[PDB]
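Have a look at query.tsv; it's TSV, C-alpha atoms:
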chain	number	residue	atom	x	y	z
H	3	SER	CA	-25.67	-4.14	5.57
H	4	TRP	CA	-22.22	-5.45	6.51
H	5	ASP	CA	-20.58	-8.71	7.55
H	6	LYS	CA	-21.34	-9.70	11.14
H	7	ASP	CA	-18.07	-11.63	11.58
H	8	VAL	CA	-15.58	-8.90	10.75
H	9	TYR	CA	-17.69	-6.39	12.74
H	10	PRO	CA	-18.87	-8.57	15.63
H	11	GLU	CA	-21.65	-7.63	18.02
H	12	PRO	CA	-22.89	-9.67	20.99
H	13	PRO	CA	-26.65	-10.40	20.98
H	14	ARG	CA	-28.75	-7.55	22.34
H	15	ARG	CA	-30.64	-8.50	25.50
H	16	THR	CA	-33.18	-5.85	26.21
H	17	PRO	CA	-35.29	-6.17	29.38
H	18	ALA	CA	-39.05	-6.35	29.17
H	19	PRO	CA	-40.93	-3.22	30.29
H	20	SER	CA	-42.14	-3.78	33.87
H	21	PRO	CA	-43.93	-0.55	34.84
H	22	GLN	CA	-44.52	-0.15	38.57
H	23	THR	CA	-46.23	3.25	38.66
H	24	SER	CA	-49.65	4.13	37.27
H	25	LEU	CA	-48.44	7.29	35.52
H	26	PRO	CA	-48.15	6.75	31.74
H	27	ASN	CA	-44.64	7.57	30.59
H	28	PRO	CA	-44.37	9.99	27.64
H	29	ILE	CA	-41.86	7.77	25.83
H	30	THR	CA	-44.35	5.11	24.71
H	31	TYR	CA	-46.65	7.79	23.29
H	32	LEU	CA	-43.69	9.47	21.59
H	33	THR	CA	-42.58	6.12	20.17
H	34	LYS	CA	-46.08	5.54	18.78
H	35	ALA	CA	-46.11	9.09	17.37
H	36	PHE	CA	-42.66	8.60	15.85
H	37	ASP	CA	-43.79	5.36	14.23
H	38	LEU	CA	-47.02	6.86	12.89
H	39	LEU	CA	-45.71	10.27	11.80
H	40	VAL	CA	-42.07	9.65	10.86
H	41	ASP	CA	-41.17	5.99	10.39
H	42	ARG	CA	-44.05	5.14	8.06
H	43	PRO	CA	-43.63	8.07	5.57
H	44	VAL	CA	-39.85	7.56	5.49
H	45	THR	CA	-40.50	3.84	4.96
H	46	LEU	CA	-42.90	4.58	2.08
H	47	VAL	CA	-40.42	6.95	0.42
H	48	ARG	CA	-37.62	4.40	0.81
H	49	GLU	CA	-39.80	1.63	-0.65
H	50	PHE	CA	-40.54	3.89	-3.64
H	51	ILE	CA	-36.82	4.61	-4.11
H	52	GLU	CA	-36.06	0.89	-3.66
H	53	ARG	CA	-38.54	0.00	-6.41
H	54	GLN	CA	-36.84	2.57	-8.64
H	55	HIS	CA	-33.52	0.88	-7.85
H	56	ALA	CA	-35.02	-2.51	-8.69
H	57	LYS	CA	-36.24	-1.29	-12.09
H	58	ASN	CA	-32.59	-1.07	-13.24
H	59	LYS	CA	-30.09	-3.34	-11.49
H	60	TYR	CA	-26.38	-3.07	-12.27
H	61	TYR	CA	-23.26	-3.98	-10.37
H	62	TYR	CA	-19.83	-2.83	-9.26
H	63	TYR	CA	-16.97	-5.13	-8.36
H	64	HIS	CA	-14.18	-5.43	-5.82
H	65	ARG	CA	-10.86	-5.06	-7.63
H	66	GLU	CA	-8.68	-8.15	-7.26
H	67	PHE	CA	-4.91	-7.59	-7.41
H	68	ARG	CA	-2.92	-10.73	-8.12
H	69	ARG	CA	0.26	-11.21	-6.10
H	70	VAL	CA	3.30	-10.04	-8.08
H	71	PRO	CA	6.83	-10.87	-6.81
H	72	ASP	CA	7.78	-8.88	-3.72
H	73	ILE	CA	10.94	-6.86	-3.11
H	74	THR	CA	13.02	-9.79	-1.82
H	75	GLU	CA	13.00	-11.52	-5.21
H	76	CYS	CA	13.65	-8.36	-7.23
H	77	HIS	CA	17.13	-7.71	-8.57
H	78	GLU	CA	18.95	-4.66	-7.24
H	79	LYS	CA	18.25	-1.54	-9.36
H	80	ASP	CA	15.84	-3.46	-11.62
H	81	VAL	CA	12.96	-1.00	-11.82
H	82	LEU	CA	10.52	-3.14	-13.83
H	83	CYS	CA	10.26	-5.68	-11.01
H	84	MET	CA	10.83	-3.52	-7.94
H	85	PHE	CA	8.23	-1.07	-9.26
H	86	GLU	CA	5.64	-3.84	-9.12
H	87	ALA	CA	6.96	-4.95	-5.73
H	88	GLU	CA	6.72	-1.39	-4.43
H	89	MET	CA	3.15	-0.94	-5.67
H	90	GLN	CA	2.20	-4.27	-4.09
H	91	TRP	CA	3.79	-3.18	-0.82
H	92	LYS	CA	1.98	0.17	-0.84
H	93	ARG	CA	-1.38	-1.52	-1.42
H	94	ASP	CA	-0.68	-4.00	1.38
H	95	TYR	CA	0.38	-1.04	3.53
H	96	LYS	CA	-3.00	0.64	2.98
H	97	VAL	CA	-4.78	-2.64	3.70
H	98	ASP	CA	-2.86	-3.14	6.96
H	99	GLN	CA	-3.72	0.46	7.91
H	100	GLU	CA	-7.39	-0.29	7.40
H	101	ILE	CA	-7.11	-3.54	9.38
H	102	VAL	CA	-5.79	-1.47	12.30
H	103	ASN	CA	-8.71	0.92	11.73
H	104	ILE	CA	-11.21	-1.98	11.83
H	105	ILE	CA	-9.81	-3.25	15.12
H	106	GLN	CA	-9.93	0.29	16.55
H	107	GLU	CA	-13.60	0.45	15.55
H	108	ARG	CA	-14.14	-2.88	17.35
H	109	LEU	CA	-12.43	-1.59	20.50
H	110	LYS	CA	-14.35	1.69	20.60
H	111	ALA	CA	-17.67	-0.01	19.87
H	112	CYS	CA	-16.99	-2.53	22.65
H	113	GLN	CA	-16.19	0.26	25.12
H	114	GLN	CA	-19.41	2.10	24.28
H	115	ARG	CA	-21.70	-0.95	24.14
H	116	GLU	CA	-20.41	-2.29	27.45
H	117	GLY	CA	-20.70	1.06	29.15
H	118	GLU	CA	-19.44	0.86	32.70
H	119	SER	CA	-18.24	-2.77	32.88
H	120	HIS	CA	-16.09	-2.22	29.78
H	121	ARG	CA	-12.77	-2.80	31.55
H	122	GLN	CA	-13.77	-6.38	32.33
H	123	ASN	CA	-15.96	-7.09	29.32
H	124	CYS	CA	-13.59	-5.86	26.59
H	125	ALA	CA	-10.42	-7.79	27.35
H	126	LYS	CA	-10.61	-9.73	24.07
H	127	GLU	CA	-10.91	-6.60	21.90
H	128	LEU	CA	-8.09	-4.98	23.88
H	129	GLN	CA	-5.93	-8.07	23.33
H	130	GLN	CA	-6.66	-8.10	19.58
H	131	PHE	CA	-5.89	-4.37	19.44
H	132	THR	CA	-2.59	-4.85	21.28
H	133	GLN	CA	-1.61	-7.71	18.94
H	134	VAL	CA	-2.43	-5.82	15.74
H	135	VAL	CA	-0.74	-2.62	16.95
H	136	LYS	CA	2.42	-4.53	17.92
H	137	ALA	CA	2.42	-6.18	14.49
H	138	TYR	CA	1.83	-2.86	12.70
H	139	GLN	CA	4.59	-1.22	14.75
H	140	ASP	CA	7.09	-3.97	14.05
H	141	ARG	CA	6.09	-3.86	10.40
H	142	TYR	CA	5.74	-0.20	9.38
H	143	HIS	CA	6.81	2.14	12.17
H	144	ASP	CA	9.81	4.52	12.00
H	145	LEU	CA	10.14	4.22	8.22
H	146	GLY	CA	9.79	7.92	7.46
H	147	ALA	CA	7.89	9.91	4.89
H	148	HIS	CA	9.87	8.34	2.03
H	149	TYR	CA	8.86	4.84	3.11
H	150	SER	CA	9.41	2.02	0.66
H	151	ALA	CA	9.63	-1.75	0.47
H	152	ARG	CA	13.42	-1.34	0.66
H	153	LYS	CA	13.08	0.59	3.94
H	154	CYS	CA	10.65	-2.00	5.31
H	155	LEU	CA	12.89	-4.89	4.25
H	156	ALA	CA	15.88	-3.17	5.87
H	157	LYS	CA	13.90	-2.71	9.09
H	158	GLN	CA	12.85	-6.37	8.97
H	159	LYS	CA	16.45	-7.50	8.43
H	160	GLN	CA	17.62	-5.34	11.35
H	161	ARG	CA	14.89	-6.77	13.60
H	162	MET	CA	15.69	-10.33	12.49
H	163	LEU	CA	19.38	-9.76	13.24
H	164	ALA	CA	18.32	-8.56	16.69
H	165	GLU	CA	16.11	-11.65	17.11
H	166	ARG	CA	18.89	-14.01	15.99
H	167	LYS	CA	21.41	-12.32	18.28
H	168	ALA	CA	18.97	-12.55	21.20
H	169	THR	CA	18.44	-16.24	20.40
H	170	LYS	CA	22.20	-16.85	20.25
H	171	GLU	CA	23.05	-14.96	23.45
H	172	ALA	CA	20.32	-16.81	25.41
H	173	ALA	CA	21.26	-20.38	24.51
Y	81	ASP	CA	-7.32	6.93	-17.25
Y	82	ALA	CA	-7.53	3.33	-16.12
Y	83	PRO	CA	-5.16	2.10	-13.39
Y	84	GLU	CA	-4.01	-0.52	-15.92
Y	85	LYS	CA	-3.15	2.24	-18.40
Y	86	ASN	CA	-1.26	4.38	-15.87
Y	87	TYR	CA	0.47	1.28	-14.46
Y	88	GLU	CA	1.76	-0.14	-17.73
Y	89	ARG	CA	2.57	3.35	-19.03
Y	90	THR	CA	4.66	3.89	-15.89
Y	91	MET	CA	6.44	0.61	-16.60
Y	92	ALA	CA	7.22	1.82	-20.13
Y	93	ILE	CA	8.52	5.14	-18.74
Y	94	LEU	CA	10.68	3.31	-16.19
Y	95	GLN	CA	12.12	1.01	-18.88
Y	96	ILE	CA	13.08	3.95	-21.11
Y	97	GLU	CA	14.58	6.01	-18.30
Y	98	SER	CA	16.50	3.13	-16.70
Y	99	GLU	CA	17.97	2.25	-20.11
Y	100	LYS	CA	18.98	5.89	-20.60
Y	101	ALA	CA	20.57	5.99	-17.14
Y	102	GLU	CA	22.57	2.81	-17.72
Y	103	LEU	CA	23.70	4.15	-21.10
Y	104	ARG	CA	24.82	7.42	-19.47
Y	105	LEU	CA	26.90	5.49	-16.94
Y	106	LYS	CA	28.37	3.41	-19.78
Y	107	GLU	CA	29.08	6.63	-21.70
Y	108	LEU	CA	31.01	8.10	-18.76
Y	109	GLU	CA	33.02	4.90	-18.32
Y	110	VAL	CA	33.80	4.70	-22.06
Y	111	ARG	CA	34.96	8.34	-22.06
Y	112	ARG	CA	37.18	7.69	-19.03
Y	113	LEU	CA	38.78	4.59	-20.58
Y	114	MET	CA	39.30	6.24	-23.97
Y	115	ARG	CA	40.93	9.32	-22.46
Y	116	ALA	CA	43.09	7.14	-20.20
Y	117	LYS	CA	44.24	4.64	-22.83
Y	118	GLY	CA	43.83	6.48	-26.14
Y	119	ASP	CA	42.89	3.31	-28.03
Y	120	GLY	CA	39.35	4.24	-29.07
Y	121	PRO	CA	38.00	6.40	-31.90
Y	122	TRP	CA	37.62	9.37	-29.54
Y	123	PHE	CA	40.43	11.60	-28.24
Y	124	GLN	CA	42.49	10.83	-31.36
Y	125	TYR	CA	44.52	14.00	-31.37
Y	126	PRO	CA	46.41	14.58	-34.64
Y	127	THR	CA	49.89	13.31	-35.39
Y	128	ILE	CA	52.01	13.76	-38.50
Y	129	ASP	CA	50.99	12.05	-41.74
Y	130	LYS	CA	53.59	9.65	-43.12
Y	131	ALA	CA	52.41	10.34	-46.66
Y	132	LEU	CA	54.29	13.64	-46.34
Y	133	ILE	CA	57.58	11.75	-46.01
Y	134	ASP	CA	59.77	11.71	-49.12
Y	135	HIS	CA	61.36	8.28	-49.61
Y	136	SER	CA	63.32	9.22	-52.74
Y	137	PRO	CA	67.10	8.65	-52.88
Y	138	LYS	CA	68.48	11.85	-51.39
Y	139	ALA	CA	71.75	13.70	-51.99
Y	140	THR	CA	73.80	12.03	-49.25
Y	141	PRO	CA	73.35	8.28	-48.58
Y	142	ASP	CA	73.36	8.19	-44.76
Y	143	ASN	CA	69.69	8.86	-44.04
As C-alpha cells, how would this structure be written, given the file I've shared?
Amino acid sequence: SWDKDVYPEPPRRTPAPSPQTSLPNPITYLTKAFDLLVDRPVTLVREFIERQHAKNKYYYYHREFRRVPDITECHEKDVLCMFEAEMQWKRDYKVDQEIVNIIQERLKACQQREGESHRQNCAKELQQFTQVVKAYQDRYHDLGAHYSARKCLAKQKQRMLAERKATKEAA
Amino acid sequence: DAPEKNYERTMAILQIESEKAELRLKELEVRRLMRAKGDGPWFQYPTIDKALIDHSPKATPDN
C-alpha cells in the first residue's frame, strides 16, 4: 500500500445497480466467472507466497541524511565543506524533482478520475501544481548542465537583488 | 562499496588534491619572488670566491 495523504483520493461513490430491462447483462456473469476462475486461484497463490514471506521476515530502511552546512556557510574554495554542501544540494535537488513528479501524478490522476467535469473539479490540484512549478522554476531553472549549489546561490542572489530593487522602486 | 566509503574516500581525495593545488600556487609565487629579488636559496648564480684573493703585502704599496 501507500500513504493516503500524500497521494489523496476522494471517496468512491458508486451507484447501486438499478436494472430496468429483463435481459440479463453479460457483465454480472463475467464478473462471477472472473471471481470463480481467476480471482480465487490468484488469491490462493498469493496467500501461499505471503505465508512463505511470513516464514522469514526481515527489513530494509529509509536512509536518513543529516543536514550538513549548506553552500552559504562554506568558505570560498574550501572543498571539504563545499563538497558536503554540494552533495546535500544535489540530494535536495533530486527530492524536489520527485516532489514535482508527485504533484504531476496528483494532477493527472485528478483529471482522469473526474473525467469530463475535470476543469471545475481539479482547481485545487492545478493550483498546487502551479505553485510547485513556480517554486521549482525559481529554484532550479536555467542553471545548465553543470549545475551546482554555487550556480543556484548565484541565481538566488540575482533574483533577490531583483526583488529588493522592485521593492525599492515601488515605495 | 558503501556510500559512506565512497563519500569519505572522496573527502580524502579532495583534501590531498586541494593541498597539492595550494602548494603548486605557493611554489609558483615563491619562484617568482626568488627570481625577482634574488634573496632565496634558488637562482643563486655564481659569483667570484673571495678566498681566491691574495691579501699578502704586494710589491707596490698603493693597492
Quiz item: Could you list, as a PyMOL selection string, every residue of chain Y that has an atom within 7 Å of an atom of chain H, counting only C-alpha atoms?
Solution: chain Y and resi 91+94-95
Quiz prompt | Pick from H:143, H:52, H:57, H:152, whichever lies nearest to residue 77 in chain H using only C-alpha atoms | solution = H:152
Quiz item: In Å, with one decimal, what is the gap from CA of residue 125 in chain H to CA of residue 94 in chain H?
Solution: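 A separation of 28.0 Å between them.
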Self-check item: Interatomic distance (Å, one decimal) between CA of residue 73 in chain H and CA of residue 95 in chain H
Solution: 13.8 Å
Exercise. Give me, please, the distance in Å between CA of residue 158 in chain H and CA of residue 128 in chain H, quoted to one decimal.
Key: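 Going from CA of residue 158 in chain H over to CA of residue 128 in chain H covers 25.7 Å.
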Quiz prompt | Residue neighbourhood residue 125 in chain Y, 12 Å, all atoms listed in the file, exclusion window fewer than 4 positions, as JSON, numbers by chain | solution = {"Y": [114, 115, 118, 119, 120, 121]}
With C-alpha atoms retained, write the just-selected residues as a PDB file, keeping the file's coordinate frame.
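The result, written out as selection20.pdb:
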ATOM      1  CA  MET Y 114      39.300   6.240 -23.970  1.00  0.00           C
ATOM      2  CA  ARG Y 115      40.930   9.320 -22.460  1.00  0.00           C
ATOM      3  CA  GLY Y 118      43.830   6.480 -26.140  1.00  0.00           C
ATOM      4  CA  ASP Y 119      42.890   3.310 -28.030  1.00  0.00           C
ATOM      5  CA  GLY Y 120      39.350   4.240 -29.070  1.00  0.00           C
ATOM      6  CA  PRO Y 121      38.000   6.400 -31.900  1.00  0.00           C
TER       7      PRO Y 121
END
Would you fill the gaps in range 101-122 of chain Y so it has N, CA and C atoms, then print it as a PDB file, in the frame of the given file?
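Ended up saving to rebuild04.pdb:
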ATOM      1  N   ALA Y 101      19.635   5.784 -18.246  1.00  0.00           N
ATOM      2  CA  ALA Y 101      20.570   5.990 -17.140  1.00  0.00           C
ATOM      3  C   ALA Y 101      21.746   5.025 -17.208  1.00  0.00           C
ATOM      4  N   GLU Y 102      21.483   3.762 -17.552  1.00  0.00           N
ATOM      5  CA  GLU Y 102      22.570   2.810 -17.720  1.00  0.00           C
ATOM      6  C   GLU Y 102      23.459   3.165 -18.903  1.00  0.00           C
ATOM      7  N   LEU Y 103      22.876   3.711 -19.976  1.00  0.00           N
ATOM      8  CA  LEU Y 103      23.700   4.150 -21.100  1.00  0.00           C
ATOM      9  C   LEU Y 103      24.504   5.400 -20.766  1.00  0.00           C
ATOM     10  N   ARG Y 104      24.007   6.272 -19.887  1.00  0.00           N
ATOM     11  CA  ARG Y 104      24.820   7.420 -19.470  1.00  0.00           C
ATOM     12  C   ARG Y 104      26.000   6.981 -18.617  1.00  0.00           C
ATOM     13  N   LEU Y 105      25.791   5.999 -17.737  1.00  0.00           N
ATOM     14  CA  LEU Y 105      26.900   5.490 -16.940  1.00  0.00           C
ATOM     15  C   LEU Y 105      27.931   4.768 -17.816  1.00  0.00           C
ATOM     16  N   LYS Y 106      27.461   4.009 -18.815  1.00  0.00           N
ATOM     17  CA  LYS Y 106      28.370   3.410 -19.780  1.00  0.00           C
ATOM     18  C   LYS Y 106      29.118   4.461 -20.589  1.00  0.00           C
ATOM     19  N   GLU Y 107      28.450   5.566 -20.926  1.00  0.00           N
ATOM     20  CA  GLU Y 107      29.080   6.630 -21.700  1.00  0.00           C
ATOM     21  C   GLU Y 107      30.192   7.302 -20.911  1.00  0.00           C
ATOM     22  N   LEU Y 108      29.960   7.539 -19.615  1.00  0.00           N
ATOM     23  CA  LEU Y 108      31.010   8.100 -18.760  1.00  0.00           C
ATOM     24  C   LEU Y 108      32.188   7.150 -18.616  1.00  0.00           C
ATOM     25  N   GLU Y 109      31.920   5.847 -18.474  1.00  0.00           N
ATOM     26  CA  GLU Y 109      33.020   4.900 -18.320  1.00  0.00           C
ATOM     27  C   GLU Y 109      33.820   4.739 -19.611  1.00  0.00           C
ATOM     28  N   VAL Y 110      33.136   4.763 -20.759  1.00  0.00           N
ATOM     29  CA  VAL Y 110      33.800   4.700 -22.060  1.00  0.00           C
ATOM     30  C   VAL Y 110      34.666   5.931 -22.294  1.00  0.00           C
ATOM     31  N   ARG Y 111      34.162   7.120 -21.928  1.00  0.00           N
ATOM     32  CA  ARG Y 111      34.960   8.340 -22.060  1.00  0.00           C
ATOM     33  C   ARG Y 111      36.194   8.295 -21.165  1.00  0.00           C
ATOM     34  N   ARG Y 112      36.044   7.781 -19.940  1.00  0.00           N
ATOM     35  CA  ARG Y 112      37.180   7.690 -19.030  1.00  0.00           C
ATOM     36  C   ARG Y 112      38.243   6.731 -19.561  1.00  0.00           C
ATOM     37  N   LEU Y 113      37.820   5.572 -20.074  1.00  0.00           N
ATOM     38  CA  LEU Y 113      38.780   4.590 -20.580  1.00  0.00           C
ATOM     39  C   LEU Y 113      39.439   5.054 -21.871  1.00  0.00           C
ATOM     40  N   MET Y 114      38.702   5.757 -22.733  1.00  0.00           N
ATOM     41  CA  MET Y 114      39.300   6.240 -23.970  1.00  0.00           C
ATOM     42  C   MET Y 114      40.250   7.397 -23.741  1.00  0.00           C
ATOM     43  N   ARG Y 115      39.965   8.271 -22.773  1.00  0.00           N
ATOM     44  CA  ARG Y 115      40.930   9.320 -22.460  1.00  0.00           C
ATOM     45  C   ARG Y 115      42.154   8.742 -21.759  1.00  0.00           C
ATOM     46  N   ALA Y 116      41.961   7.719 -20.924  1.00  0.00           N
ATOM     47  CA  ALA Y 116      43.090   7.140 -20.200  1.00  0.00           C
ATOM     48  C   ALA Y 116      44.002   6.345 -21.121  1.00  0.00           C
ATOM     49  N   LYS Y 117      43.434   5.537 -22.014  1.00  0.00           N
ATOM     50  CA  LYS Y 117      44.240   4.640 -22.830  1.00  0.00           C
ATOM     51  C   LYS Y 117      44.507   5.165 -24.235  1.00  0.00           C
ATOM     52  N   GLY Y 118      43.598   5.942 -24.812  1.00  0.00           N
ATOM     53  CA  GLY Y 118      43.830   6.480 -26.140  1.00  0.00           C
ATOM     54  C   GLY Y 118      43.726   5.474 -27.254  1.00  0.00           C
ATOM     55  N   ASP Y 119      42.994   4.381 -27.049  1.00  0.00           N
ATOM     56  CA  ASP Y 119      42.890   3.310 -28.030  1.00  0.00           C
ATOM     57  C   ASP Y 119      41.536   3.254 -28.720  1.00  0.00           C
ATOM     58  N   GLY Y 120      40.651   4.205 -28.445  1.00  0.00           N
ATOM     59  CA  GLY Y 120      39.350   4.240 -29.070  1.00  0.00           C
ATOM     60  C   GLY Y 120      39.290   5.281 -30.163  1.00  0.00           C
ATOM     61  N   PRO Y 121      38.143   5.385 -30.839  1.00  0.00           N
ATOM     62  CA  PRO Y 121      38.000   6.400 -31.900  1.00  0.00           C
ATOM     63  C   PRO Y 121      37.897   7.822 -31.385  1.00  0.00           C
ATOM     64  N   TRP Y 122      37.689   8.033 -30.095  1.00  0.00           N
ATOM     65  CA  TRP Y 122      37.620   9.370 -29.540  1.00  0.00           C
ATOM     66  C   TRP Y 122      38.969   9.716 -28.943  1.00  0.00           C
TER      67      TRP Y 122
END
